[PDB]
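*Asks:* Dropping in protein_18.pdb, which is PDB, N, CA and C atoms:
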ATOM      1  N   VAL A 361      23.460  18.525  14.328  1.00  0.00           N
ATOM      2  CA  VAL A 361      22.058  18.194  14.530  1.00  0.00           C
ATOM      3  C   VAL A 361      21.552  17.364  13.362  1.00  0.00           C
ATOM      4  N   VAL A 362      21.101  16.147  13.655  1.00  0.00           N
ATOM      5  CA  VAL A 362      20.629  15.218  12.642  1.00  0.00           C
ATOM      6  C   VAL A 362      19.123  15.072  12.788  1.00  0.00           C
ATOM      7  N   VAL A 363      18.408  15.243  11.681  1.00  0.00           N
ATOM      8  CA  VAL A 363      16.954  15.162  11.659  1.00  0.00           C
ATOM      9  C   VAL A 363      16.559  13.977  10.795  1.00  0.00           C
ATOM     10  N   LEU A 364      15.714  13.106  11.333  1.00  0.00           N
ATOM     11  CA  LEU A 364      15.238  11.932  10.616  1.00  0.00           C
ATOM     12  C   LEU A 364      13.762  12.107  10.296  1.00  0.00           C
ATOM     13  N   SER A 365      13.413  11.907   9.029  1.00  0.00           N
ATOM     14  CA  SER A 365      12.035  12.027   8.563  1.00  0.00           C
ATOM     15  C   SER A 365      11.597  10.694   7.974  1.00  0.00           C
ATOM     16  N   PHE A 366      10.402  10.244   8.352  1.00  0.00           N
ATOM     17  CA  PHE A 366       9.862   8.973   7.893  1.00  0.00           C
ATOM     18  C   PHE A 366       8.628   9.190   7.031  1.00  0.00           C
ATOM     19  N   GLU A 367       8.366   8.228   6.156  1.00  0.00           N
ATOM     20  CA  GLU A 367       7.192   8.240   5.294  1.00  0.00           C
ATOM     21  C   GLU A 367       6.434   6.933   5.477  1.00  0.00           C
ATOM     22  N   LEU A 368       5.119   7.023   5.675  1.00  0.00           N
ATOM     23  CA  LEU A 368       4.273   5.856   5.874  1.00  0.00           C
ATOM     24  C   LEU A 368       3.279   5.712   4.730  1.00  0.00           C
ATOM     25  N   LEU A 369       3.146   4.483   4.231  1.00  0.00           N
ATOM     26  CA  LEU A 369       2.106   4.041   3.305  1.00  0.00           C
ATOM     27  C   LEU A 369       2.277   4.618   1.903  1.00  0.00           C
ATOM     28  N   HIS A 370       3.368   5.339   1.647  1.00  0.00           N
ATOM     29  CA  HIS A 370       3.623   5.830   0.296  1.00  0.00           C
ATOM     30  C   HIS A 370       3.938   4.689  -0.660  1.00  0.00           C
ATOM     31  N   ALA A 371       4.587   3.643  -0.158  1.00  0.00           N
ATOM     32  CA  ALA A 371       5.098   2.544  -0.966  1.00  0.00           C
ATOM     33  C   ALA A 371       5.304   1.336  -0.056  1.00  0.00           C
ATOM     34  N   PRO A 372       5.683   0.168  -0.577  1.00  0.00           N
ATOM     35  CA  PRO A 372       6.044  -0.935   0.321  1.00  0.00           C
ATOM     36  C   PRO A 372       7.232  -0.553   1.189  1.00  0.00           C
ATOM     37  N   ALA A 373       7.126  -0.856   2.482  1.00  0.00           N
ATOM     38  CA  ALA A 373       8.165  -0.464   3.422  1.00  0.00           C
ATOM     39  C   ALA A 373       9.491  -1.114   3.056  1.00  0.00           C
ATOM     40  N   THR A 374      10.529  -0.289   2.927  1.00  0.00           N
ATOM     41  CA  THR A 374      11.864  -0.755   2.583  1.00  0.00           C
ATOM     42  C   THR A 374      12.831  -0.734   3.754  1.00  0.00           C
ATOM     43  N   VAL A 375      12.673   0.212   4.677  1.00  0.00           N
ATOM     44  CA  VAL A 375      13.485   0.296   5.884  1.00  0.00           C
ATOM     45  C   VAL A 375      12.644  -0.194   7.052  1.00  0.00           C
ATOM     46  N   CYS A 376      13.208  -1.104   7.840  1.00  0.00           N
ATOM     47  CA  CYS A 376      12.515  -1.666   8.989  1.00  0.00           C
ATOM     48  C   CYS A 376      13.487  -1.806  10.149  1.00  0.00           C
ATOM     49  N   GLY A 377      12.934  -1.873  11.351  1.00  0.00           N
ATOM     50  CA  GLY A 377      13.716  -2.193  12.521  1.00  0.00           C
ATOM     51  C   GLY A 377      13.900  -3.682  12.670  1.00  0.00           C
ATOM     52  N   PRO A 378      14.905  -4.069  13.452  1.00  0.00           N
ATOM     53  CA  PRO A 378      15.174  -5.501  13.616  1.00  0.00           C
ATOM     54  C   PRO A 378      14.208  -6.171  14.572  1.00  0.00           C
ATOM     55  N   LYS A 379      13.268  -6.931  14.016  1.00  0.00           N
ATOM     56  CA  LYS A 379      12.360  -7.772  14.778  1.00  0.00           C
ATOM     57  C   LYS A 379      12.296  -9.120  14.086  1.00  0.00           C
ATOM     58  N   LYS A 380      12.493 -10.195  14.843  1.00  0.00           N
ATOM     59  CA  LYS A 380      12.520 -11.523  14.252  1.00  0.00           C
ATOM     60  C   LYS A 380      11.130 -11.923  13.780  1.00  0.00           C
ATOM     61  N   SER A 381      11.032 -12.330  12.518  1.00  0.00           N
ATOM     62  CA  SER A 381       9.766 -12.773  11.965  1.00  0.00           C
ATOM     63  C   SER A 381       9.523 -14.247  12.280  1.00  0.00           C
ATOM     64  N   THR A 382       8.253 -14.644  12.227  1.00  0.00           N
ATOM     65  CA  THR A 382       7.842 -16.015  12.485  1.00  0.00           C
ATOM     66  C   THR A 382       6.963 -16.504  11.345  1.00  0.00           C
ATOM     67  N   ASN A 383       6.808 -17.823  11.262  1.00  0.00           N
ATOM     68  CA  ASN A 383       5.942 -18.406  10.243  1.00  0.00           C
ATOM     69  C   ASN A 383       4.494 -18.007  10.500  1.00  0.00           C
ATOM     70  N   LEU A 384       3.738 -17.818   9.420  1.00  0.00           N
ATOM     71  CA  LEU A 384       2.347 -17.394   9.517  1.00  0.00           C
ATOM     72  C   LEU A 384       1.434 -18.615   9.525  1.00  0.00           C
ATOM     73  N   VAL A 385       0.596 -18.714  10.552  1.00  0.00           N
ATOM     74  CA  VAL A 385      -0.436 -19.742  10.593  1.00  0.00           C
ATOM     75  C   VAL A 385      -1.697 -19.222   9.906  1.00  0.00           C
ATOM     76  N   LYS A 386      -2.525 -20.148   9.432  1.00  0.00           N
ATOM     77  CA  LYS A 386      -3.757 -19.809   8.738  1.00  0.00           C
ATOM     78  C   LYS A 386      -4.936 -20.498   9.408  1.00  0.00           C
ATOM     79  N   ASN A 387      -6.122 -19.920   9.216  1.00  0.00           N
ATOM     80  CA  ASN A 387      -7.424 -20.440   9.643  1.00  0.00           C
ATOM     81  C   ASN A 387      -7.647 -20.349  11.149  1.00  0.00           C
ATOM     82  N   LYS A 388      -6.782 -19.651  11.882  1.00  0.00           N
ATOM     83  CA  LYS A 388      -6.935 -19.462  13.318  1.00  0.00           C
ATOM     84  C   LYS A 388      -6.794 -17.980  13.633  1.00  0.00           C
ATOM     85  N   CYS A 389      -7.692 -17.460  14.470  1.00  0.00           N
ATOM     86  CA  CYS A 389      -7.642 -16.055  14.857  1.00  0.00           C
ATOM     87  C   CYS A 389      -6.353 -15.767  15.611  1.00  0.00           C
ATOM     88  N   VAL A 390      -5.481 -14.965  15.000  1.00  0.00           N
ATOM     89  CA  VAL A 390      -4.139 -14.722  15.509  1.00  0.00           C
ATOM     90  C   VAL A 390      -3.803 -13.255  15.296  1.00  0.00           C
ATOM     91  N   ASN A 391      -2.966 -12.713  16.174  1.00  0.00           N
ATOM     92  CA  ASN A 391      -2.403 -11.395  15.930  1.00  0.00           C
ATOM     93  C   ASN A 391      -1.568 -11.434  14.657  1.00  0.00           C
ATOM     94  N   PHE A 392      -1.668 -10.386  13.843  1.00  0.00           N
ATOM     95  CA  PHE A 392      -0.832 -10.237  12.662  1.00  0.00           C
ATOM     96  C   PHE A 392      -0.177  -8.867  12.697  1.00  0.00           C
ATOM     97  N   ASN A 393       1.125  -8.839  12.428  1.00  0.00           N
ATOM     98  CA  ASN A 393       1.884  -7.602  12.299  1.00  0.00           C
ATOM     99  C   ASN A 393       2.662  -7.691  10.989  1.00  0.00           C
ATOM    100  N   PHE A 394       2.025  -7.261   9.903  1.00  0.00           N
ATOM    101  CA  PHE A 394       2.663  -7.320   8.595  1.00  0.00           C
ATOM    102  C   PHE A 394       3.262  -5.964   8.263  1.00  0.00           C
ATOM    103  N   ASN A 395       4.584  -5.920   8.122  1.00  0.00           N
ATOM    104  CA  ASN A 395       5.289  -4.714   7.693  1.00  0.00           C
ATOM    105  C   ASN A 395       4.910  -3.512   8.548  1.00  0.00           C
ATOM    106  N   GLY A 396       4.648  -3.760   9.830  1.00  0.00           N
ATOM    107  CA  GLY A 396       4.334  -2.704  10.761  1.00  0.00           C
ATOM    108  C   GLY A 396       2.866  -2.386  10.961  1.00  0.00           C
TER     109      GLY A 396
ATOM    110  N   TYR B   1      -3.903  20.246 -32.036  1.00  0.00           N
ATOM    111  CA  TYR B   1      -4.483  19.623 -30.857  1.00  0.00           C
ATOM    112  C   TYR B   1      -5.501  18.557 -31.253  1.00  0.00           C
ATOM    113  N   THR B   2      -5.870  17.726 -30.283  1.00  0.00           N
ATOM    114  CA  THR B   2      -6.981  16.800 -30.464  1.00  0.00           C
ATOM    115  C   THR B   2      -7.524  16.422 -29.092  1.00  0.00           C
ATOM    116  N   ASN B   3      -8.792  16.018 -29.056  1.00  0.00           N
ATOM    117  CA  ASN B   3      -9.462  15.700 -27.805  1.00  0.00           C
ATOM    118  C   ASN B   3      -9.109  14.295 -27.344  1.00  0.00           C
ATOM    119  N   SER B   4      -8.853  14.167 -26.046  1.00  0.00           N
ATOM    120  CA  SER B   4      -8.613  12.876 -25.405  1.00  0.00           C
ATOM    121  C   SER B   4      -9.926  12.432 -24.780  1.00  0.00           C
ATOM    122  N   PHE B   5     -10.580  11.453 -25.404  1.00  0.00           N
ATOM    123  CA  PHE B   5     -11.928  11.062 -25.018  1.00  0.00           C
ATOM    124  C   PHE B   5     -12.023  10.679 -23.546  1.00  0.00           C
ATOM    125  N   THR B   6     -11.369   9.584 -23.158  1.00  0.00           N
ATOM    126  CA  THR B   6     -11.376   9.155 -21.762  1.00  0.00           C
ATOM    127  C   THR B   6      -9.999   8.692 -21.298  1.00  0.00           C
ATOM    128  N   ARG B   7      -8.951   8.985 -22.061  1.00  0.00           N
ATOM    129  CA  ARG B   7      -7.624   8.484 -21.747  1.00  0.00           C
ATOM    130  C   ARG B   7      -7.083   9.141 -20.484  1.00  0.00           C
ATOM    131  N   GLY B   8      -6.058   8.510 -19.912  1.00  0.00           N
ATOM    132  CA  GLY B   8      -5.339   9.066 -18.788  1.00  0.00           C
ATOM    133  C   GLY B   8      -5.730   8.537 -17.429  1.00  0.00           C
ATOM    134  N   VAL B   9      -6.659   7.592 -17.361  1.00  0.00           N
ATOM    135  CA  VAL B   9      -7.102   7.062 -16.077  1.00  0.00           C
ATOM    136  C   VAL B   9      -6.090   6.043 -15.580  1.00  0.00           C
ATOM    137  N   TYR B  10      -5.652   6.203 -14.333  1.00  0.00           N
ATOM    138  CA  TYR B  10      -4.663   5.321 -13.738  1.00  0.00           C
ATOM    139  C   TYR B  10      -5.043   5.047 -12.292  1.00  0.00           C
ATOM    140  N   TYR B  11      -4.407   4.039 -11.713  1.00  0.00           N
ATOM    141  CA  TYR B  11      -4.678   3.672 -10.333  1.00  0.00           C
ATOM    142  C   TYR B  11      -4.037   4.697  -9.405  1.00  0.00           C
ATOM    143  N   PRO B  12      -4.819   5.440  -8.621  1.00  0.00           N
ATOM    144  CA  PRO B  12      -4.241   6.554  -7.858  1.00  0.00           C
ATOM    145  C   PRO B  12      -3.335   6.114  -6.727  1.00  0.00           C
ATOM    146  N   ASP B  13      -3.516   4.908  -6.195  1.00  0.00           N
ATOM    147  CA  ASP B  13      -2.711   4.455  -5.075  1.00  0.00           C
ATOM    148  C   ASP B  13      -2.548   2.946  -5.162  1.00  0.00           C
ATOM    149  N   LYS B  14      -1.483   2.456  -4.523  1.00  0.00           N
ATOM    150  CA  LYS B  14      -1.167   1.034  -4.550  1.00  0.00           C
ATOM    151  C   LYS B  14      -2.236   0.192  -3.867  1.00  0.00           C
ATOM    152  N   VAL B  15      -3.065   0.808  -3.023  1.00  0.00           N
ATOM    153  CA  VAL B  15      -4.062   0.069  -2.259  1.00  0.00           C
ATOM    154  C   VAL B  15      -5.091  -0.531  -3.204  1.00  0.00           C
ATOM    155  N   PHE B  16      -5.390  -1.810  -3.010  1.00  0.00           N
ATOM    156  CA  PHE B  16      -6.315  -2.530  -3.870  1.00  0.00           C
ATOM    157  C   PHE B  16      -7.751  -2.298  -3.428  1.00  0.00           C
ATOM    158  N   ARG B  17      -8.650  -2.214  -4.404  1.00  0.00           N
ATOM    159  CA  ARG B  17     -10.084  -2.183  -4.163  1.00  0.00           C
ATOM    160  C   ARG B  17     -10.760  -2.997  -5.255  1.00  0.00           C
ATOM    161  N   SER B  18     -12.003  -3.401  -5.001  1.00  0.00           N
ATOM    162  CA  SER B  18     -12.719  -4.216  -5.973  1.00  0.00           C
ATOM    163  C   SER B  18     -14.215  -4.069  -5.771  1.00  0.00           C
ATOM    164  N   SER B  19     -14.938  -3.940  -6.886  1.00  0.00           N
ATOM    165  CA  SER B  19     -16.400  -3.900  -6.894  1.00  0.00           C
ATOM    166  C   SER B  19     -16.933  -2.778  -6.009  1.00  0.00           C
ATOM    167  N   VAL B  20     -16.253  -1.638  -6.023  1.00  0.00           N
ATOM    168  CA  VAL B  20     -16.638  -0.496  -5.207  1.00  0.00           C
ATOM    169  C   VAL B  20     -16.295   0.787  -5.952  1.00  0.00           C
ATOM    170  N   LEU B  21     -17.130   1.804  -5.756  1.00  0.00           N
ATOM    171  CA  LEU B  21     -16.862   3.135  -6.275  1.00  0.00           C
ATOM    172  C   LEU B  21     -16.058   3.906  -5.241  1.00  0.00           C
ATOM    173  N   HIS B  22     -15.003   4.578  -5.692  1.00  0.00           N
ATOM    174  CA  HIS B  22     -14.123   5.309  -4.793  1.00  0.00           C
ATOM    175  C   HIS B  22     -13.873   6.700  -5.343  1.00  0.00           C
ATOM    176  N   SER B  23     -14.080   7.713  -4.508  1.00  0.00           N
ATOM    177  CA  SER B  23     -13.856   9.100  -4.888  1.00  0.00           C
ATOM    178  C   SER B  23     -12.483   9.523  -4.391  1.00  0.00           C
TER     179      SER B  23
END
Show this structure as structure tokens.
*Replies:*
Amino acid sequence: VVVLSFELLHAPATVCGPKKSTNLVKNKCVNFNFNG
Amino acid sequence: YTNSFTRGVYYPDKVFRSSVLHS
């Protein structure tokens, strides 16, 4: 039995899932997903 | 012993704030 425990907002996120990042546009109302 | 006047104040969390009082 394997138990996985996660911590949020304690520090800058070091472990992430694989999601392809894109270039960030500026000055236009856009969805932002920074580090989750 | 000796008294520490106001020493020991540190930033409690990485989150940035400015020009605001925070409890």
*Asks:* Between CA of residue 369 in chain A and CA of residue 396 in chain A, measure the distance and give it in Å to one decimal.
*Replies:* 10.3 Å
*Asks:* What is the atom C of residue 393 in chain A to CA of residue 368 in chain A distance in Å?
*Replies:*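 For atom C of residue 393 in chain A relative to CA of residue 368 in chain A, the distance reads 14.6 Å.
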*Asks:* For a quick test of understanding: name the residues of chain A lying within 9 Å of chain B when counting only C-alpha atoms, and present them as a list in words.
*Replies:*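 So the contacting residues turn out to be residues 370, 371 and 372 of chain A.
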*Asks:* Suppose we keep N, CA and C atoms; can you now write the selection as a PDB file, in the frame of the given file?
*Replies:*
ATOM      1  N   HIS A 370       3.368   5.339   1.647  1.00  0.00           N
ATOM      2  CA  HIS A 370       3.623   5.830   0.296  1.00  0.00           C
ATOM      3  C   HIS A 370       3.938   4.689  -0.660  1.00  0.00           C
ATOM      4  N   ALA A 371       4.587   3.643  -0.158  1.00  0.00           N
ATOM      5  CA  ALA A 371       5.098   2.544  -0.966  1.00  0.00           C
ATOM      6  C   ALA A 371       5.304   1.336  -0.056  1.00  0.00           C
ATOM      7  N   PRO A 372       5.683   0.168  -0.577  1.00  0.00           N
ATOM      8  CA  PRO A 372       6.044  -0.935   0.321  1.00  0.00           C
ATOM      9  C   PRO A 372       7.232  -0.553   1.189  1.00  0.00           C
TER      10      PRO A 372
END
*Asks:* Tell me, in Å to one decimal, how far CA of residue 392 in chain A is from CA of residue 380 in chain A.
*Replies:*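 Atom-to-atom, CA of residue 392 in chain A to CA of residue 380 in chain A, that is 13.5 Å.
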*Asks:* May I have the centre and edge lengths, in Å to one decimal, of an axis-aligned box around the listed atoms of range 374-388 of chain A with 6 Å added to every side, as JSON?
*Replies:*
{"center_x": 3.8, "center_y": -10.1, "center_z": 8.7, "size_x": 34.8, "size_y": 32.8, "size_z": 24.3}
